[PDB]
Amino acid sequence: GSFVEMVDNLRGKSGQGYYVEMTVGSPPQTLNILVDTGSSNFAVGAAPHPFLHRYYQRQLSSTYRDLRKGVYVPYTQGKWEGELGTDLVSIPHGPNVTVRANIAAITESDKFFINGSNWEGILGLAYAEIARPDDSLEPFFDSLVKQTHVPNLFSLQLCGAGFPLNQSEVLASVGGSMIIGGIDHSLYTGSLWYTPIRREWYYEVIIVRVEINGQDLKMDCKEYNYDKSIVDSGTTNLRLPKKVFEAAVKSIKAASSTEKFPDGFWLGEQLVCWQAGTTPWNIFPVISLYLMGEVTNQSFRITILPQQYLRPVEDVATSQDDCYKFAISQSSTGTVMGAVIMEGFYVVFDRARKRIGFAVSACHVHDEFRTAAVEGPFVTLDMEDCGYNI
Ligand SMILES: COc1cccc(-c2cccc([C@@]3(c4ccccc4)NC(=N)N(C)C3=O)c2)c1
């Protein structure tokens, strides 16, 4: 481990988000910020909200600069709206630098903040193409790299506990690491395997084959990337395109057929519970996603366990049972490799070399019989055909 100052700098969980401490303004105002590889704005609560116990107070910062421009970000779930500006930003458990960055001061929101998440803003780590209102609003990471000697790369180790964490425990537990400017070898085992970043907007990748317990899902690979496949720390679930979801659920049901689960479970709505310590991990299949390699006609695979795709939840009766929700769901906007998938791996966002690396996480949850894996190479032909084009 060469980045001790940044190791263990994350807190949170897959259901509510993983966050890092940051400071904004002069004198510095401390805020907890969601690490989000699926968006490109640094947007912070800047007005009272029922779920915020603190927020950015621009009038108290001598370095605040008003850009005199509004920003409106509606989405299916809800929305956020605010005022654009710039200020001095630092990451206490990060590189020892202070940068001048764009900040969207959130003045109004609907279903954006989460009750008990302990974060007050989001750090959109993706590219300018998807920044709001447009690509002229330089994202935080672009500012950081341009203004300092920090290498153009970051890596994330998100650590799922493997069991529920109550309010007190989730505040006291280490949720993972965000290594800014490098790769820390203590965070993974085995080798790192890289997949190309297809295009710089979201962290877009190409899935070339899918297996459930080694059984090929056997769909046209374009289906797996319809209309895109992305790596998103800001999404809880593994989200799959409608047809892929239907095929994967049928195969997962068939593999786990010795136990019948209600439809509500497969829809990610209802929990399933087992007597303490008796979760039948072995009946559930492993899932392998093959990703395009850096070498022509070569792929590698990442394999996840049900310990990743079954999200631990506290029982309705706070009983002694071990309960979970199915953390694979359908999408109409392509595949999303969310937090539950990222929890199995140390993920390297190598922006400098336009590639994403995967290695087995030193903190992935497993059992005595199976582990997550990152393996290769595999001979795979016509992988460019797996990518979707509008
Ligand atoms: C595991 O990450 C989590 C868990 C729970 C909530 C959020 C969360 C909360 C608020 C926003 C987001 C968003 C978002 C970002 C910008 C604009 C609109 C939405 N970030 C993201 N990747 N997705 C899918 C969102 O909905 C994500 C993240």
# chains A, B, ... in the order shown; residues from 1 in each chain; ligands from 1
>>> residues_around(residues="stretch 97-103 of chain A", least_positions_apart="4", cutoff="10 Å", atoms="only C-alpha atoms", output="PyMOL selection string")
chain A and resi 23-25+41-44+56+63-67+82-92+123+137-150
>>> closest_atom_pairs(of="chain A", to="ligand 1", cutoff="8 Å", atoms="only C-alpha atoms and all ligand atoms", output="CSV")
residue,atom,partner,partner_atom_place_in_ligand_line,distance
A:13,CA,ligand 1,1 (C),6.8
A:14,CA,ligand 1,1 (C),4.5
A:15,CA,ligand 1,4 (C),5.0
A:16,CA,ligand 1,5 (C),3.9
A:17,CA,ligand 1,2 (O),3.6
A:18,CA,ligand 1,1 (C),6.3
A:34,CA,ligand 1,28 (C),7.0
A:35,CA,ligand 1,2 (O),7.8
A:36,CA,ligand 1,22 (N),5.5
A:37,CA,ligand 1,22 (N),6.3
A:38,CA,ligand 1,22 (N),3.8
A:39,CA,ligand 1,15 (C),5.2
A:40,CA,ligand 1,16 (C),7.5
A:41,CA,ligand 1,16 (C),7.1
A:73,CA,ligand 1,17 (C),6.4
A:74,CA,ligand 1,18 (C),7.3
A:75,CA,ligand 1,18 (C),6.3
A:77,CA,ligand 1,26 (O),7.3
A:78,CA,ligand 1,18 (C),7.8
A:79,CA,ligand 1,18 (C),6.6
A:80,CA,ligand 1,18 (C),7.1
A:111,CA,ligand 1,10 (C),7.8
A:112,CA,ligand 1,10 (C),4.7
A:113,CA,ligand 1,10 (C),6.0
A:114,CA,ligand 1,6 (C),6.8
A:122,CA,ligand 1,15 (C),7.2
A:124,CA,ligand 1,15 (C),7.1
A:232,CA,ligand 1,22 (N),5.6
A:233,CA,ligand 1,1 (C),5.6
A:234,CA,ligand 1,2 (O),3.5
A:235,CA,ligand 1,2 (O),4.5
A:236,CA,ligand 1,1 (C),4.1
A:237,CA,ligand 1,1 (C),7.9
A:338,CA,ligand 1,1 (C),6.9
A:339,CA,ligand 1,1 (C),5.3
>>> atom_distance(atom1="atom CA of residue A:307", atom2="atom CA of residue A:208")
23.6 Å
>>> closest_residue(among="A:275, A:152, A:257, A:288", to="residue A:217", atoms="only C-alpha atoms")
A:288
>>> closest_residue(among="A:321, A:200, A:314, A:220", to="residue A:128", atoms="only C-alpha atoms")
A:200
>>> residues_around(residues="stretch 159-176 of chain A", least_positions_apart="5", cutoff="6 Å", atoms="only C-alpha atoms", output="PyMOL selection string")
chain A and resi 8+10-12+312-314+343+363+365
>>> residues_around(residues="residue A:389", least_positions_apart="5", cutoff="10 Å", atoms="only C-alpha atoms", output="compact mmCIF listing (two decimals) with N, CA and C atoms, in the first residue's frame")
# COMPACT_ATOMS: atom_id res chain seq x y z
N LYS A 222 -24.94 -7.85 -28.35
CA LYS A 222 -25.44 -6.46 -28.44
C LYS A 222 -26.53 -6.22 -27.37
N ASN A 225 -25.38 -4.75 -24.03
CA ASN A 225 -24.92 -3.37 -24.05
C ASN A 225 -25.96 -2.43 -24.66
N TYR A 226 -27.21 -2.85 -24.62
CA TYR A 226 -28.34 -2.08 -25.18
C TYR A 226 -29.00 -1.20 -24.11
N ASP A 227 -28.90 0.14 -24.19
CA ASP A 227 -28.20 0.93 -25.22
C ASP A 227 -26.78 1.32 -24.85
N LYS A 228 -26.33 0.92 -23.66
CA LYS A 228 -24.96 1.15 -23.20
C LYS A 228 -24.73 0.29 -21.97
>>> closest_residue(among="A:377, A:27, A:190, A:133", to="residue A:299", atoms="only C-alpha atoms")
A:377
